[PDB]
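Student: One structure is given below, represented as C-alpha cells, and several questions about it will come after.
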Amino acid sequence: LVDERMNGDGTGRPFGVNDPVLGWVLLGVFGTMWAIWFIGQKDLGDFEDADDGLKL
Amino acid sequence: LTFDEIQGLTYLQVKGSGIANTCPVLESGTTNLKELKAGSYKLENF
Amino acid sequence: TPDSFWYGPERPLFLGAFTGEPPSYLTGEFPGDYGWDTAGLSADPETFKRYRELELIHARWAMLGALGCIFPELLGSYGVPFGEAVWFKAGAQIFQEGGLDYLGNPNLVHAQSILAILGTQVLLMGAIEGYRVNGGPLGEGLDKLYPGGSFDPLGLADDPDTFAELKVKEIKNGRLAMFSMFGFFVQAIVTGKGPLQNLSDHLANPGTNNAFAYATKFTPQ
Amino acid sequence: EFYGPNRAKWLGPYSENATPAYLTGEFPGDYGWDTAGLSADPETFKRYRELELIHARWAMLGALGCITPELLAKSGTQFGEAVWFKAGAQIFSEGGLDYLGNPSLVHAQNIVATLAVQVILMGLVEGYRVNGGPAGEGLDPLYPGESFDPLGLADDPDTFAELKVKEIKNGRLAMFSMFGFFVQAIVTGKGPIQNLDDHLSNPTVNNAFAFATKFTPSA
Amino acid sequence: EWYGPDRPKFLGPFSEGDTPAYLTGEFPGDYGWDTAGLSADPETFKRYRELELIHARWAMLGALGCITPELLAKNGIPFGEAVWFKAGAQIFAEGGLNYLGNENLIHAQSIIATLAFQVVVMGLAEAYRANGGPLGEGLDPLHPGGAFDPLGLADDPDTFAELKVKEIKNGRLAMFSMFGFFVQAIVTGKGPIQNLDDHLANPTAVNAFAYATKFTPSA
Amino acid sequence: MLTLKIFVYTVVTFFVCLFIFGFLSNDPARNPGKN
Amino acid sequence: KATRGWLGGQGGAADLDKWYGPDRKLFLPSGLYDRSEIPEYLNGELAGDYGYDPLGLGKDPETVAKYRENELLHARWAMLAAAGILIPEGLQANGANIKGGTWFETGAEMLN
Amino acid sequence: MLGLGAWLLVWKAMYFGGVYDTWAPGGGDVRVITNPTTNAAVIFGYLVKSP
Ligand code: CHL
Ligand code: CHL
Ligand code: CHL
Ligand SMILES: CCCCCCCCCCCCCCCCCC(=O)OC[C@H](CO[C@@H]1O[C@H](CO[C@H]2O[C@H](CO)[C@H](O)[C@H](O)[C@H]2O)[C@H](O)[C@H](O)[C@H]1O)OC(=O)CCCCCCCCCCCCCCCCC
Ligand code: CLA
Ligand code: CLA
Ligand SMILES: CC1=C[C@H](O)CC(C)(C)[C@H]1/C=C/C(C)=C/C=C/C(C)=C/C=C/C=C(C)/C=C/C=C(C)/C=C/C1=C(C)C[C@H](O)CC1(C)C
C-alpha cells in the first residue's frame, strides 16, 4: 500500500506493545529502578516490628 | 493475504490492522492469461 | 550463629511445625538449614562438609543453567533467529550447515567443529576447576565455597551480618534452581518441548495441559 | 534366634565372619547384612531402619493392593482397569473411577481434586508421624502402639519382639515383590497375576528368559 | 612414591591444596579422590575398598571376556555372535551355544540348567569369600594368598605393595572400560572393536558426537 | 516512529517509577511534625 | 492421650469456658439475654446448656437430669436416623440397587 | 464475601437458569453460559488494554 504504519490504533495490545523490545523497555526501566530502590532501602528505616508506620 | 485468509478472520482481528484497506492478493493462479474462458461475467468483489 | 532468623535453634524448618526436633548435627550453623536430613546421609560431620560444598556448586551451576535455558528460548520466541532456541536441542546447532551462531548471528562466534569446542572447554575448565580446589591467579588462600576478594568485587560480603544473610539467599535461589533444572530435565523427557513452551501451553489451558496429559505416556505394552 | 549373636544370618551357616561388628542383633531383621558398609554410623543406621520399615509398610500395602483388584477381576468384578499399572488412568475414563464396580461408590472424575485432597491429607498424617499429632505425641517413631495397637497385640514384650521380626520379614518380602511388580510390568507389559497365570500354564517357556532379547540396542 | 605423601594425586598440581585427611596414602590406588566425602568413616571405607577391588577383578575378567570373542572372530573363527551384548542369545539358537564352533564342545541347550548351576556354584564361592572355608579361613578377604597365590608372587612386601598398585590401576582402567563397553553398546549398537575399527576409518566424522542427537526427546 | 515509541516508553516509565518508588521510599516520615 | 495439635502445635480441649459456668454461650446473645434472666436450675453443669427453657419445663436439677436421659437418647437415635435416611437414598439415586432407599416407603417395600 | 458473591453470578449463569445474552444466535434471550472464558491471556488482556 501507499505508506508505512505501525498499525496499532485500535488493536488493544497489552500496555500498547507490539515490538517485543517495548516490553523489555517496561521491564528494564522498572527493573533498573526497582533495583536502585532496593539497594537504597537501607536508608529508609527498618520498619520491622508491627507498630512501625505513620499511624494514629 | 488471499481472499480466503481475509474471510477466515473475524471482524475484531482485522480491525485496526490495515488489512481491511487492502485488496486480496491472488496467490494461486498463473500468468498464462488465456485459460480465462471467453464470454460475459458479472464482476463482483472488484 | 547470630540472631539472623535463619540460624540457631529457632530457625524455619522443612516441615514447618510438623518437623519436631531436627537432627543433632544440624545445629542451625550453615545456611539453608531447614533440618532436612531424613536419610541421615550427612550424620558424619566430615561428609556433611563435603555435601555442603557439593550442594552449593550444584546450586551455582543450576542457577546459571536455569537462566541459560530460559534465555535463548525467551528471545527465540521474540524473533531472534536461533538455530535451536530450545535448550536441549541447542547442542545440535554445531551439526547443522551454517554451524553455531551466537544470537543466530552468522558473523558472531560461528562455531563449526565440536571437537574444537570440547578441546577448548577441557583445557579451560580444567584450569579453573583446579583453581577452585587450590590457589590460582584471582585468589590463592581463600574459602573453598565463599572465596571473595576478586570474586566479590562489589564488596557485597563485607558486613558479616549481611554476608550470613546473603548466603541464605544464595542457597535458596540455588535449591529452587536445582529443583527447577530437574524440572527442565523431566518435563523435556516426558513432553518433548521447551520449558517456556510448556509454560505457555499450560497457561493456554491449565485444566488439560498439566502433567496428567502425559501420565499414560510411559505405559508398558 | 533372631536376636543376640546366636541368631539367623544372611548367609546362614557361612556367615560367622561375614557380619560386621555393629550389627549386633538388638534390632529386628538384623541378619547382619551390611556388605557395602552403609550403616556403619549408628546415627545413619537409625535413619535407615526408619527408611526400611516405612518402605516395608508401604510395600505390604502396595503388594496387597496391586493384587486384589486383579483377583476380583478374575472373579467377575468389572473395574474399568484392574491391572495396577493401568488402574491410575481409569480416572480419565468416561464414567470416572468407580471403586469396585458401583457408580454409587466414589465415582471420582477430577484427578487434580483427588490429588490435592491427598496432598492435604497425606501432608498431615506424614507430619503426624514425625512430630506427633492427635493419636500421640511422644511415642516411638516407628512403633507408636497407643492408638495404633487397638487390639492389644503390643503386649508381652518377649513375643512382641517376635512380631517386629514377623513385621519386617513380611515387609522385606513385599519390598522384594514390589521391586518384582515394577520390573515384571516394564519387561512383560502385563499384570502380575497374568504373569502368574501363564507361568502356571507352561513353566518351560513362560519365564523371564523369553523376554531377554527385549532391550537389545539394534542400530 | 605410591604411598605416603609422595603419592601422585588425582588432580595433579591442583590437588596439593586439599585431599581428604583420612586418605593418607596407606592403601593402593590412593590418589586422594574423595570429593564427595563417601569414606570419612573408616568402617565404611574398608567396605568400599572391598567393593572397589571385587568390581575391579570382575571388570578385568569382563573386559577380557568382551574383547576376546571379537578378536577371534576377526581372525576367521566362526562364532554364533562375536559381540558381547548379543552373546547370551546363542542358547536360544538352533544348535545352541557352541563354545567356538564345534559340537564335541559345551553345546548348551537349557538356560535353566546353566543358570541354576551358576547360582549354587557362585553361591558357594562368594559365601566362602565373605566368610572363609576350604581354601582358607583366617586369611585377608582383600588379598588371601596361599591357594590364591600359587605362583609365589605375594612375597617381599616392597614389590608386593607395588603389585597391589598394579592390581587396582589395571582394574580401574577395566571398570572404566566396562562402563566404557556398557555405554558404547547402548548408544551405538555395535561391538567395541566394531566401534574401534570405524573410528579408525574416519576419526573426525565417526566419534561419540555422531550419535549425540540420538537420545533426543520428541513427542 | 518505533524509535520514538521506544524512547517515550523509556522516558515515561522512568518518571512513573520515580513516582511509585518515591512514595515507597518512606514518604509519610518526611514531615516536619514530630510525634 | 498426649494430644498434639491437629494442624500445628498444642491441641485438645482448649477452653470449656464457652460451655460451662456463668460465662458460656447461650441461645440469645448478651445484649438480648443477660446473666440474671437465666433460670436458676440451668447452670453450667450439663453439656450443651444454653439457658434455653422459655416454656418452663425444667423444675430443678434432678428433673432436668431425668429429661437429660430423654434428650440424649433422642439425640443418639436421631443421629443414627439422620445417617440412615440420607445415605440409602443417596446411594439409590446415584446407582445402588437398594430399591427402597427413600425412608418413608421402606416398610411397604417389604411386605409379602 | 466478595469472592463468594462473585461466584453467585457464575453459578447463576452456569447453573441457575443462565443470564441474558444479547449476542445469542437467534436473537437475545437467557443463555446458560456453559463455556466461560478462563484463559488468563484473555481475562487479563482487558486489564492491560488501553482505555
Ligand atoms: C506444615 C506443612 C508442610 C508440609 C506438609 C511440608 C512438606 C514438605 N516440605 Mg516443607 N512442608 C511444610 C511446611 C514448610 N516447609 C517449609 C520449607 C521447605 C523447604 C525449603 C523445602 C521443603 C520441602 C518439603 C518436602 C520435604 C520432604 C519430601 O520431599 O516429601 C516426600 C514426599 C512427597 C513429595 C510426596 C509425593 C507427592 C505426590 C502426592 C506424589 C505424586 C504421585 C505421582 C503421580 C507418582 C509418580 C509416578 C511415577 C511412575 C513417576 C515436603 C513436601 C523440600 C522440598 O520441596 O523437596 C521436594 C524443600 O526443599 N519445605 C516451610 C518454610 C519454613 C514450611 C512452613 O510451615
Ligand atoms: C550440563 C551438562 C550437559 C547436559 C545436561 C547436556 C545435555 C544434552 N546435550 Mg549436551 N549437555 C551438557 C553439556 C555439553 N553438551 C555439549 C555438546 C552437545 C552436542 C553437540 C549435542 C548435545 C546434545 C545434548 C542433549 C542430548 C539429548 C538427550 O540425550 O535427551 C535425553 C536427556 C534430556 C532431555 C535431558 C536430561 C539430562 C541428563 C540425562 C541429566 C543431567 C545429569 C547428567 C547425567 C550429568 C552429566 C554431566 C557430566 C558429564 C558432568 C542433552 C539434553 C545433543 C542435542 O542437542 O540433541 C537434541 C547434541 O547434538 N550436547 C558440550 C560441548 C562438548 C557440553 C559441555 O559440557
Ligand atoms: C550358604 C547359602 C546361602 C547363600 C549363598 C545366601 C546368599 C544370600 N542371601 Mg541368605 N544365603 C544363604 C543362606 C541363608 N540366607 C538366609 C537368610 C537370608 C535373608 C532374610 C536374606 C538373605 C539374602 C541373601 C542374599 C544377599 C546378597 C545379595 O543380595 O546378592 C544379590 C545378587 C547376586 C546374588 C548376584 C546376581 C544374581 C544372579 C546370580 C546373576 C544373574 C545375572 C543377570 C542375568 C544379569 C542380567 C541383568 C543385566 C541387565 C545387568 C544372597 C543371595 C537377602 C536377599 O534376599 O537379597 C536379595 C535377604 O533378605 N538371606 C538363611 C536363613 C537363616 C540362610 C540359611 O541357609
Ligand atoms: C508486557 C509486560 C509489561 C510489564 C509487566 C507489567 C506488570 C508488572 C506487575 C508486576 C507486579 C509488580 C509488583 C511489585 C511490588 C513491589 C513492592 C515493593 O516495593 O517490594 C519491596 C520488597 C522489599 O523486600 C525486602 O527488602 C529488604 C531490604 O533489605 C535491605 O535493608 C534492610 C533494612 O531495611 C537490611 O539492611 C538488608 O540487609 C538490606 O538488603 C530485605 O532485603 C528483604 O530481604 C526483602 O524481602 O521487595 C520484594 O519483596 C520483591 C519485589 C517484587 C519483585 C520485583 C522484580 C522487579 C523486576 C525484576 C526483573 C528486572 C529485569 C531486568 C532486565 C534487565 C535487562 C534490560
Ligand atoms: C551454565 C552456563 C551456560 C552454558 C553452559 C551455556 C551454553 C550455551 N549457550 Mg547460553 N547463556 C547463559 C548460560 C549458559 N549458556 C546465560 C546465563 C545467558 C544469559 C546472558 C545465556 C545466553 C545465551 C544466548 C543469548 C545464547 C547462548 C548460547 C549458548 C550456546 C553456545 C555457547 C557460546 O556461544 O559461547 C560463547 C559465548 C561467549 C564467549 C560470550 C558471548 C560473546 C558474544 C559473542 C560477544 C562477544 C564479546 C565482545 C563484545 C566482542 C569481541 C570481539 C572479538 C573480535 C574479539 C551453548 C549451548 C547461544 C545459542 O545459540 O544457544 C541457543 C546464544 O546465542 N546463551
Ligand atoms: C456486619 C454485621 C455485624 C457485625 C460484625 C455484628 C457483630 C456483633 N453483634 Mg450484631 N447484628 C447485626 C450485624 C452485625 N453484628 C445485624 C444485622 C443484626 C440484626 C439481626 C444484629 C443484631 C445483634 C444483636 C441483637 C446482638 C448483636 C451482637 C453482636 C456481637 C456478637 C454476637 C453475634 O454473633 O451476634 C448475634 C447475631 C446473630 C447470631 C445473627 C446470625 C448471623 C449468622 C452468622 C448468619 C450470618 C449470615 C450471613 C453470613 C450474613 C448475611 C449475608 C448477607 C445478607 C449480607 C458482635 C459484636 C450481640 C451483642 O453485641 O451483645 C452485647 C447482641 O446482643 N447483634
Ligand atoms: C536434601 C536431602 C535430604 C535427605 O536426607 C536425603 C535426600 C532426599 C537425598 C536429599 C535431597 C537431595 C536432592 C533434592 C537432590 C536434588 C538435586 C538436584 C535436583 C540437583 C540438580 C542439579 C542440576 C544442575 C547442577 C544443572 C546444571 C545445569 C546446567 C549447567 C545447564 C546447562 C545447559 C545450558 C545452560 C543450556 C544448554 O542449551 C544446555 C545445557 C548444557 C543443559
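The chains in the C-alpha cells are called A, B, ... from first to last as shown; in each chain the residues are counted from 1, and the ligands are counted from 1 in the order shown.
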Which residues sit within 8 Å of ligand 5, counting only C-alpha atoms and all ligand atoms, listed as a PyMOL selection string?
Tutor: chain C and resi 61-69+71-73+75+82-87+90-91+93+100-105+108-109+111
Student: I need the residues in chain H that are strand (DSSP E or B) according to DSSP; give them as a PyMOL selection string.
Tutor: chain H and resi 19-21+29-31
Student: Would you pick out the contacts of residue G:2 at 8 Å or less, using only C-alpha atoms, so that residues sharing its chain but fewer than 4 positions from it are not included, and give the list as JSON, numbers by chain?
Tutor: {"D": [134, 135, 136, 137, 138]}
Student: Pick from C:13, C:128, C:39, C:203: nearest to chain E, with only C-alpha atoms counted?
Tutor: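 Selected residue with least distance to chain E: C:128.
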Student: So that I can check the surroundings of stretch 12-17 of chain H, please list as a ChimeraX atom specification every protein, DNA and RNA residue that reaches within 10 Å of it, counting only C-alpha atoms and ignoring chain neighbours fewer than 5 positions away.
Tutor: /H:7,30-36
Student: To one decimal place in Å, what is the distance between atom CA of residue E:197 and atom CA of residue C:118?
Tutor: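 A separation of 22.9 Å between them.
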Student: Do a neighbour search on residue E:59 at 9 Å with only C-alpha atoms, toss out local chain neighbours closer than 5 positions, and write the hits as a ChimeraX atom specification.
Tutor: /E:54,64,171-178
Student: Go ahead and write the selection's residues with C-alpha atoms as a compact mmCIF listing (two decimals), in the first residue's frame.
Tutor:
```txt
# COMPACT_ATOMS: atom_id res chain seq x y z
CA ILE E 54 35.89 -57.02 43.51
CA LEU E 64 38.93 -59.54 28.53
CA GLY E 171 41.21 -52.72 37.40
CA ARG E 172 40.28 -49.04 37.45
CA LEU E 173 41.04 -48.99 33.75
CA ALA E 174 38.88 -52.08 33.28
CA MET E 175 35.92 -50.78 35.29
CA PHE E 176 36.10 -47.54 33.30
CA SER E 177 36.18 -49.71 30.16
CA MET E 178 33.26 -51.94 31.11
```
Student: Identify, with DSSP run on backbone atoms, the residues in stretch 5-207 of chain D assigned to alpha helix (DSSP H), and express the list as a VMD selection string.
Tutor: chain D and resid 42 to 65 68 to 74 111 to 131 157 to 186 192 to 201
Student: Counting only C-alpha atoms, what is within 7 Å of stretch 8-24 of chain F, bar same-chain residues fewer than 6 positions away, as a ChimeraX atom specification?
Tutor: /A:25-26,29-30,33,37
Student: Could you pull the residues within 10 Å of stretch 199-211 of chain E, counting only C-alpha atoms, minus those fewer than 2 positions along the same chain, as a list in words?
Tutor: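 The residues that qualify are residues 92, 95, 113, 114 and 115 of chain C; 184, 187, 188, 193, 194, 195, 196, 197, 213, 214 and 215 of chain E.
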